[PDB]
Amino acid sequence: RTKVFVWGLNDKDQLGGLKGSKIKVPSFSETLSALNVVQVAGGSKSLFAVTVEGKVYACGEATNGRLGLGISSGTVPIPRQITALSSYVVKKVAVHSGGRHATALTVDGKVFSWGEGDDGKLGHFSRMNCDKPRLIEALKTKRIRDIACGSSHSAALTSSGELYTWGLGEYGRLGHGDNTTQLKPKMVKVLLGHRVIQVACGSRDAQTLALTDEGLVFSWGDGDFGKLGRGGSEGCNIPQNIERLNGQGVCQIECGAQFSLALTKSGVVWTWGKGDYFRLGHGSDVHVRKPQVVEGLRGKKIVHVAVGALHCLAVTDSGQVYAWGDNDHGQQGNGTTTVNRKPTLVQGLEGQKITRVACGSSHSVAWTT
């Protein structure tokens, strides 16, 4: 039994069956609460749920085959199972908040991809769209442990700790020492000798973040607005260590629209990048070019975080969700369309031990377990 709550933009029914288009208060999801979810994940006006059984459901805008349901034009208003993956136990779906493609990882380590095919982000040696999940052949002999997708590139890491990237090469977000597009997965050779345990991918002129099992965070790709975390705006196509975060116990990394976020094991949140519309959480909309602690959450032990395009969710260990950032479509959950300049307690979730959050482009999810 897992209760799932959604709010935010609903113009394409990306919330799985609620009336209205601006759900400004977290609303109980009948359909999603029924599935017994282990993960929810938001793309561009899209929503995916991975269930304990290992099945995947999808709803929202269907364009570019982003939902993987064998179509490419409508909206899918009620969460629908991705039958193409029904012979597999899926463990995780990786999709970006500004994303029109996704990947799914099985428990036995296989990676499928579907959706928009531009720049090779599906990893199939082509730029073709896949309306239905397709096995990434390049990785069949690799035991994949984690996956991520930006808007224009993808990543996957092995149980032994090697990171793979593929997709758009422009602005060096792939990390291979050049700006070349890769239509198949390619190993980030610079990071060999570090066991990479987590990776996160940005959108548009995108950054990439990696996390090693020693707590070192690396970044590379586009440098606009200081989302690389080393000051100024210079980009690089080779992973560099974000020195500010060493020794801090970073256990989760995320990439929204043009900014970066890190959570530590002690419960601290750091953000940096493009500040417009208050997506960083520091109470002003200025850019932050090296990681800064979200002060508005001192003393609250955050246990899970999620980012959308312009908003963030943080979950405390007592089951409270804090939101900050833009609110054009209600994705803050403060009952209005007013921006949350600071971390702001989310409304309508009392009596709920919320454990996990997720974000799409303009929508929000919180569930229990």
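When you see a residue number, it is the position in the sequence shown, counting from 1.
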| property | result |
| --- | --- |
| Mean Cα B-factor comparison, 235-243 or 275-283, giving the higher one as deposited | 235-243 |
| Comparing 143-151 with 199-207, the one whose average Cα B-factor in the PDB entry is higher | 143-151 |
| Top Cα B factor in the deposited entry, candidates 301, 45, 66, 311 | 301 |
| C-alpha B-factor winner, where the candidates are 291, 74, 172, 117 | 74 |
| Among modelled residues of the same chain, the CA temperature factor third for residue 39 | lowest |
| Third of chain Cα B-factors occupied by residue 259 | lowest |
| Chain-relative CA temperature factor third for residue 332 | lowest |
| Chain-relative CA temperature factor third for residue 252 | middle |
| Within-chain third of residue 32 by Cα B-factor, per the entry | highest |
